[PDB]
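entry33.csv (CSV, C-alpha atoms)
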chain,number,residue,atom,x,y,z
A,1,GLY,CA,-15.0,-25.4,-18.9
A,2,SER,CA,-15.0,-21.7,-18.1
A,3,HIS,CA,-11.4,-20.5,-17.8
A,4,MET,CA,-8.5,-21.4,-15.5
A,5,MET,CA,-7.2,-19.0,-12.8
A,6,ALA,CA,-5.2,-16.0,-14.0
A,7,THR,CA,-1.5,-16.2,-13.2
A,8,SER,CA,-0.6,-12.6,-14.2
A,9,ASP,CA,-3.4,-11.1,-12.1
A,10,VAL,CA,-4.0,-11.8,-8.4
A,11,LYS,CA,-7.4,-11.0,-6.8
A,12,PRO,CA,-7.6,-9.5,-3.3
A,13,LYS,CA,-7.7,-12.0,-0.4
A,14,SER,CA,-9.6,-9.7,2.0
A,15,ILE,CA,-10.2,-6.1,3.0
A,16,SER,CA,-9.0,-4.5,6.2
A,17,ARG,CA,-9.1,-1.0,7.8
A,18,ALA,CA,-6.0,1.2,7.9
A,19,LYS,CA,-4.8,2.1,11.4
A,20,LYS,CA,-2.5,4.9,10.7
A,21,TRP,CA,-1.1,6.9,7.7
A,22,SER,CA,1.5,5.3,5.5
A,23,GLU,CA,2.6,5.2,1.9
A,24,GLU,CA,0.6,1.9,1.8
A,25,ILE,CA,-2.6,3.7,3.0
A,26,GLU,CA,-2.3,7.1,1.3
A,27,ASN,CA,-1.6,5.2,-1.9
A,28,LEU,CA,-4.5,2.9,-1.5
A,29,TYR,CA,-6.7,5.9,-1.0
A,30,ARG,CA,-5.6,7.4,-4.2
A,31,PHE,CA,-6.0,4.2,-6.2
A,32,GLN,CA,-9.2,3.2,-4.4
A,33,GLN,CA,-10.6,6.6,-5.3
A,34,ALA,CA,-9.8,5.9,-9.0
A,35,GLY,CA,-11.7,2.7,-8.6
A,36,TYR,CA,-8.6,0.5,-8.4
A,37,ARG,CA,-7.8,-1.9,-5.6
A,38,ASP,CA,-4.0,-1.6,-6.1
A,39,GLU,CA,-1.4,-0.6,-8.7
A,40,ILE,CA,-1.8,-4.0,-10.2
A,41,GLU,CA,-5.4,-3.2,-11.3
A,42,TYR,CA,-4.3,0.2,-12.5
A,43,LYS,CA,-1.5,-1.2,-14.6
A,44,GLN,CA,-3.8,-3.6,-16.3
A,45,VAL,CA,-6.2,-0.8,-17.2
A,46,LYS,CA,-3.4,1.2,-18.9
A,47,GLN,CA,-1.4,-1.9,-19.7
A,48,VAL,CA,1.7,-0.4,-18.2
A,49,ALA,CA,4.4,-1.2,-15.7
A,50,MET,CA,5.8,2.1,-14.4
A,51,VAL,CA,3.6,4.6,-12.5
A,52,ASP,CA,4.2,8.3,-12.5
A,53,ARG,CA,5.6,9.2,-9.1
A,54,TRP,CA,7.6,12.1,-7.5
A,55,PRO,CA,11.2,11.5,-6.1
A,56,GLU,CA,10.5,13.7,-3.1
A,57,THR,CA,8.2,11.0,-1.5
A,58,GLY,CA,7.3,8.7,-4.4
A,59,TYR,CA,3.6,9.5,-4.3
A,60,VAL,CA,1.4,9.1,-7.4
A,61,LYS,CA,1.4,12.2,-9.5
A,62,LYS,CA,-1.9,11.4,-11.3
A,63,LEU,CA,-4.3,8.5,-11.7
A,64,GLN,CA,-7.1,7.9,-14.2
A,65,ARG,CA,-10.4,7.1,-12.5
A,66,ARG,CA,-12.9,4.4,-13.6
A,67,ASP,CA,-14.9,7.2,-15.2
A,68,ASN,CA,-12.0,7.8,-17.6
A,69,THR,CA,-11.0,11.1,-15.9
A,70,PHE,CA,-7.5,12.2,-15.0
A,71,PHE,CA,-7.3,13.1,-11.3
A,72,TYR,CA,-4.3,15.0,-10.0
A,73,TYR,CA,-3.0,14.1,-6.6
A,74,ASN,CA,-1.0,16.1,-4.1
A,75,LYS,CA,2.4,14.6,-3.4
A,76,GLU,CA,2.5,16.8,-0.3
A,77,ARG,CA,0.7,14.2,1.8
A,78,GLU,CA,-3.1,14.6,1.4
A,79,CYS,CA,-4.4,11.7,3.5
A,80,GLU,CA,-5.1,12.6,7.1
A,81,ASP,CA,-5.8,10.5,10.2
A,82,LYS,CA,-9.5,11.1,9.4
A,83,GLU,CA,-8.9,9.4,6.1
A,84,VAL,CA,-7.0,6.5,7.6
A,85,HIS,CA,-10.1,5.3,9.5
A,86,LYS,CA,-12.3,6.0,6.5
A,87,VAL,CA,-9.8,4.5,4.2
A,88,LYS,CA,-9.6,0.7,3.8
A,89,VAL,CA,-6.7,-1.6,3.0
A,90,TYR,CA,-6.7,-4.4,0.5
A,91,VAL,CA,-4.7,-7.6,1.2
A,92,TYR,CA,-3.7,-10.2,-1.4

Using structure tokens, write down the structure from this file.
Amino acid sequence: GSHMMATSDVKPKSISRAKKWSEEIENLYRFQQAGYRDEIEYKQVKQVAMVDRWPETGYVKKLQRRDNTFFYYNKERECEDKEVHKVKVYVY
């Protein structure tokens, strides 16, 4: 009978396109690049709860990609309007 639906993990409802630059987008870009849809997917991979972030803005300091490689991110805003359009947004 296969397996019931997960209660600890929620799959994305749909995918939209970011309009402007916001912690929601910039973050999604970093995570999406790593191969994750959202922090939720990331946490499951490393089975954690807290993500390394800077107090200045609260951006992700580093994120491991799907290739098992650590990628350093620039807290000093890295996403530009050009990325907003190219960057997609996942909705649950």

task = Compare A:44, A:27, A:14, A:74 by their minimum atom-to-atom distance to residue A:61, counting all atoms listed in the file, and give me the closest one.
result =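 For residue A:61, the nearest of the candidates is A:74.
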
Next item on the list: Figure out the distance between atom CA of residue A:78 and atom CA of residue A:59, please, to one decimal in Å.
Entry: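 Calculated distance between atom CA of residue A:59 and atom CA of residue A:78 is 10.2 Å.
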
Correct to one decimal, the distance atom CA of residue A:85-atom CA of residue A:24 is 13.6 Å

Which residues are close to stretch 18-21 of chain A, i.e. within 8 Å by all atoms listed in the file, leaving aside same-chain residues fewer than 4 positions away? Reply as a PyMOL selection string. chain A and resi 25-26+79-81+84-85+87-89

> In Å to one decimal, how far is atom CA of residue A:9 from atom CA of residue A:75?
Replying inline: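 According to the coordinates, atom CA of residue A:75 and atom CA of residue A:9 are separated by 27.7 Å.
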
Among A:76, A:12, A:46, A:83, residue A:64 is approached most closely, using only C-alpha atoms, by A:46

Across A:4, A:36, A:31, A:23, the smallest distance to residue A:72, with all atoms listed in the file counted, is shown by A:31

ask   = Within 12 Å of residue A:50, counting all atoms listed in the file, which residues qualify if same-chain residues fewer than 5 places away don't, as a PyMOL selection string?
value = chain A and resi 39-40+42-44+60

Counting all atoms listed in the file, closest pick from A:5, A:49, A:63, A:91 relative to residue A:17 is A:91

Taking only C-alpha atoms into account, which of A:22, A:86, A:2, A:66 comes nearest residue A:35?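 The shortest atom-to-atom distance to residue A:35 comes from A:66.
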
Could you pull stretch 9-53 of chain A out of the structure I just pasted and write it to a file containing N, CA and C atoms, as a PDB file, in the first residue's frame?
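Result file selection.pdb:
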ATOM      1  N   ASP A   9       7.531  16.560   6.289  1.00  0.00           N
ATOM      2  CA  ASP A   9       8.015  17.186   5.062  1.00  0.00           C
ATOM      3  C   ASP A   9       6.848  17.590   4.169  1.00  0.00           C
ATOM      4  N   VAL A  10       6.884  18.825   3.679  1.00  0.00           N
ATOM      5  CA  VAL A  10       5.825  19.320   2.806  1.00  0.00           C
ATOM      6  C   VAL A  10       6.387  19.655   1.428  1.00  0.00           C
ATOM      7  N   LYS A  11       5.840  19.012   0.401  1.00  0.00           N
ATOM      8  CA  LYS A  11       6.286  19.254  -0.964  1.00  0.00           C
ATOM      9  C   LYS A  11       5.770  20.594  -1.474  1.00  0.00           C
ATOM     10  N   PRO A  12       6.466  21.182  -2.407  1.00  0.00           N
ATOM     11  CA  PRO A  12       6.072  22.496  -3.000  1.00  0.00           C
ATOM     12  C   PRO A  12       4.750  22.414  -3.757  1.00  0.00           C
ATOM     13  N   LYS A  13       3.927  23.446  -3.613  1.00  0.00           N
ATOM     14  CA  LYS A  13       2.632  23.473  -4.280  1.00  0.00           C
ATOM     15  C   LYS A  13       2.784  23.889  -5.738  1.00  0.00           C
ATOM     16  N   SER A  14       3.587  24.923  -5.972  1.00  0.00           N
ATOM     17  CA  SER A  14       3.806  25.416  -7.327  1.00  0.00           C
ATOM     18  C   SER A  14       5.082  26.250  -7.393  1.00  0.00           C
ATOM     19  N   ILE A  15       5.438  26.683  -8.599  1.00  0.00           N
ATOM     20  CA  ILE A  15       6.633  27.497  -8.789  1.00  0.00           C
ATOM     21  C   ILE A  15       6.280  28.806  -9.487  1.00  0.00           C
ATOM     22  N   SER A  16       6.689  29.920  -8.890  1.00  0.00           N
ATOM     23  CA  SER A  16       6.415  31.235  -9.459  1.00  0.00           C
ATOM     24  C   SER A  16       7.717  31.961  -9.778  1.00  0.00           C
ATOM     25  N   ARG A  17       7.600  33.141 -10.377  1.00  0.00           N
ATOM     26  CA  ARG A  17       8.776  33.925 -10.733  1.00  0.00           C
ATOM     27  C   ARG A  17       8.882  35.166  -9.850  1.00  0.00           C
ATOM     28  N   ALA A  18      10.052  35.357  -9.246  1.00  0.00           N
ATOM     29  CA  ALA A  18      10.273  36.505  -8.373  1.00  0.00           C
ATOM     30  C   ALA A  18      10.113  37.799  -9.157  1.00  0.00           C
ATOM     31  N   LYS A  19       9.527  38.812  -8.519  1.00  0.00           N
ATOM     32  CA  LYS A  19       9.314  40.098  -9.171  1.00  0.00           C
ATOM     33  C   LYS A  19      10.429  41.069  -8.822  1.00  0.00           C
ATOM     34  N   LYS A  20      10.821  41.081  -7.548  1.00  0.00           N
ATOM     35  CA  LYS A  20      11.885  41.970  -7.083  1.00  0.00           C
ATOM     36  C   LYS A  20      12.887  41.207  -6.224  1.00  0.00           C
ATOM     37  N   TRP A  21      13.797  41.940  -5.606  1.00  0.00           N
ATOM     38  CA  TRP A  21      14.799  41.341  -4.734  1.00  0.00           C
ATOM     39  C   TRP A  21      14.388  41.414  -3.267  1.00  0.00           C
ATOM     40  N   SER A  22      14.342  40.259  -2.612  1.00  0.00           N
ATOM     41  CA  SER A  22      13.970  40.209  -1.202  1.00  0.00           C
ATOM     42  C   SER A  22      14.569  38.974  -0.533  1.00  0.00           C
ATOM     43  N   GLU A  23      14.775  39.058   0.776  1.00  0.00           N
ATOM     44  CA  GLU A  23      15.356  37.943   1.519  1.00  0.00           C
ATOM     45  C   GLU A  23      14.737  36.625   1.070  1.00  0.00           C
ATOM     46  N   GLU A  24      13.477  36.676   0.651  1.00  0.00           N
ATOM     47  CA  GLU A  24      12.790  35.477   0.185  1.00  0.00           C
ATOM     48  C   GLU A  24      13.381  34.995  -1.136  1.00  0.00           C
ATOM     49  N   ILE A  25      13.677  35.937  -2.028  1.00  0.00           N
ATOM     50  CA  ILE A  25      14.236  35.585  -3.330  1.00  0.00           C
ATOM     51  C   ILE A  25      15.714  35.247  -3.193  1.00  0.00           C
ATOM     52  N   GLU A  26      16.507  36.222  -2.764  1.00  0.00           N
ATOM     53  CA  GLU A  26      17.946  36.017  -2.614  1.00  0.00           C
ATOM     54  C   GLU A  26      18.211  34.671  -1.964  1.00  0.00           C
ATOM     55  N   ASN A  27      17.488  34.382  -0.892  1.00  0.00           N
ATOM     56  CA  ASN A  27      17.652  33.107  -0.200  1.00  0.00           C
ATOM     57  C   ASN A  27      17.335  31.938  -1.130  1.00  0.00           C
ATOM     58  N   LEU A  28      16.173  31.994  -1.789  1.00  0.00           N
ATOM     59  CA  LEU A  28      15.773  30.928  -2.701  1.00  0.00           C
ATOM     60  C   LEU A  28      16.841  30.690  -3.748  1.00  0.00           C
ATOM     61  N   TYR A  29      17.448  31.759  -4.232  1.00  0.00           N
ATOM     62  CA  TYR A  29      18.511  31.638  -5.219  1.00  0.00           C
ATOM     63  C   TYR A  29      19.660  30.801  -4.667  1.00  0.00           C
ATOM     64  N   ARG A  30      20.108  31.135  -3.464  1.00  0.00           N
ATOM     65  CA  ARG A  30      21.212  30.408  -2.848  1.00  0.00           C
ATOM     66  C   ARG A  30      20.851  28.941  -2.652  1.00  0.00           C
ATOM     67  N   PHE A  31      19.681  28.693  -2.058  1.00  0.00           N
ATOM     68  CA  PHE A  31      19.231  27.325  -1.820  1.00  0.00           C
ATOM     69  C   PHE A  31      19.008  26.590  -3.135  1.00  0.00           C
ATOM     70  N   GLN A  32      18.268  27.220  -4.037  1.00  0.00           N
ATOM     71  CA  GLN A  32      17.983  26.622  -5.334  1.00  0.00           C
ATOM     72  C   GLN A  32      19.276  26.213  -6.022  1.00  0.00           C
ATOM     73  N   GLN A  33      20.285  27.071  -5.942  1.00  0.00           N
ATOM     74  CA  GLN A  33      21.579  26.771  -6.552  1.00  0.00           C
ATOM     75  C   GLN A  33      22.174  25.495  -5.965  1.00  0.00           C
ATOM     76  N   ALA A  34      22.047  25.339  -4.653  1.00  0.00           N
ATOM     77  CA  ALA A  34      22.567  24.156  -3.977  1.00  0.00           C
ATOM     78  C   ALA A  34      21.779  22.917  -4.391  1.00  0.00           C
ATOM     79  N   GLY A  35      20.607  23.137  -4.975  1.00  0.00           N
ATOM     80  CA  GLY A  35      19.766  22.030  -5.416  1.00  0.00           C
ATOM     81  C   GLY A  35      18.585  21.820  -4.479  1.00  0.00           C
ATOM     82  N   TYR A  36      18.409  22.739  -3.534  1.00  0.00           N
ATOM     83  CA  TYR A  36      17.310  22.649  -2.591  1.00  0.00           C
ATOM     84  C   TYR A  36      16.223  23.662  -2.933  1.00  0.00           C
ATOM     85  N   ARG A  37      14.975  23.286  -2.674  1.00  0.00           N
ATOM     86  CA  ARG A  37      13.845  24.171  -2.959  1.00  0.00           C
ATOM     87  C   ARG A  37      13.682  25.201  -1.845  1.00  0.00           C
ATOM     88  N   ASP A  38      13.959  24.783  -0.615  1.00  0.00           N
ATOM     89  CA  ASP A  38      13.848  25.676   0.533  1.00  0.00           C
ATOM     90  C   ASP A  38      14.627  25.120   1.721  1.00  0.00           C
ATOM     91  N   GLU A  39      14.778  25.936   2.756  1.00  0.00           N
ATOM     92  CA  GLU A  39      15.520  25.522   3.938  1.00  0.00           C
ATOM     93  C   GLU A  39      15.059  24.146   4.397  1.00  0.00           C
ATOM     94  N   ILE A  40      13.770  23.867   4.229  1.00  0.00           N
ATOM     95  CA  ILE A  40      13.224  22.592   4.663  1.00  0.00           C
ATOM     96  C   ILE A  40      13.987  21.432   4.046  1.00  0.00           C
ATOM     97  N   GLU A  41      14.182  21.482   2.739  1.00  0.00           N
ATOM     98  CA  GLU A  41      14.910  20.428   2.043  1.00  0.00           C
ATOM     99  C   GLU A  41      16.359  20.367   2.516  1.00  0.00           C
ATOM    100  N   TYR A  42      16.948  21.531   2.742  1.00  0.00           N
ATOM    101  CA  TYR A  42      18.327  21.600   3.200  1.00  0.00           C
ATOM    102  C   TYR A  42      18.495  20.944   4.556  1.00  0.00           C
ATOM    103  N   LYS A  43      17.606  21.277   5.485  1.00  0.00           N
ATOM    104  CA  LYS A  43      17.690  20.738   6.833  1.00  0.00           C
ATOM    105  C   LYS A  43      17.619  19.222   6.821  1.00  0.00           C
ATOM    106  N   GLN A  44      16.746  18.682   5.986  1.00  0.00           N
ATOM    107  CA  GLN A  44      16.596  17.237   5.889  1.00  0.00           C
ATOM    108  C   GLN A  44      17.896  16.587   5.423  1.00  0.00           C
ATOM    109  N   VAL A  45      18.563  17.229   4.474  1.00  0.00           N
ATOM    110  CA  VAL A  45      19.809  16.694   3.939  1.00  0.00           C
ATOM    111  C   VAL A  45      20.865  16.577   5.032  1.00  0.00           C
ATOM    112  N   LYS A  46      20.986  17.621   5.842  1.00  0.00           N
ATOM    113  CA  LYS A  46      21.961  17.630   6.925  1.00  0.00           C
ATOM    114  C   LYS A  46      21.301  17.293   8.253  1.00  0.00           C
ATOM    115  N   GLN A  47      20.015  16.972   8.204  1.00  0.00           N
ATOM    116  CA  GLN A  47      19.282  16.629   9.415  1.00  0.00           C
ATOM    117  C   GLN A  47      19.576  17.626  10.530  1.00  0.00           C
ATOM    118  N   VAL A  48      19.352  18.905  10.249  1.00  0.00           N
ATOM    119  CA  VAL A  48      19.600  19.953  11.233  1.00  0.00           C
ATOM    120  C   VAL A  48      18.358  20.810  11.427  1.00  0.00           C
ATOM    121  N   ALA A  49      18.504  21.891  12.185  1.00  0.00           N
ATOM    122  CA  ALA A  49      17.383  22.783  12.451  1.00  0.00           C
ATOM    123  C   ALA A  49      17.801  24.241  12.303  1.00  0.00           C
ATOM    124  N   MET A  50      19.043  24.535  12.671  1.00  0.00           N
ATOM    125  CA  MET A  50      19.555  25.895  12.582  1.00  0.00           C
ATOM    126  C   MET A  50      20.509  26.046  11.404  1.00  0.00           C
ATOM    127  N   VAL A  51      20.328  27.117  10.636  1.00  0.00           N
ATOM    128  CA  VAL A  51      21.179  27.366   9.478  1.00  0.00           C
ATOM    129  C   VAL A  51      22.127  28.528   9.764  1.00  0.00           C
ATOM    130  N   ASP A  52      23.388  28.375   9.369  1.00  0.00           N
ATOM    131  CA  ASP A  52      24.382  29.414   9.601  1.00  0.00           C
ATOM    132  C   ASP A  52      24.011  30.692   8.861  1.00  0.00           C
ATOM    133  N   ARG A  53      23.820  31.770   9.614  1.00  0.00           N
ATOM    134  CA  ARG A  53      23.457  33.052   9.026  1.00  0.00           C
ATOM    135  C   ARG A  53      24.180  34.192   9.733  1.00  0.00           C
TER     136      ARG A  53
END
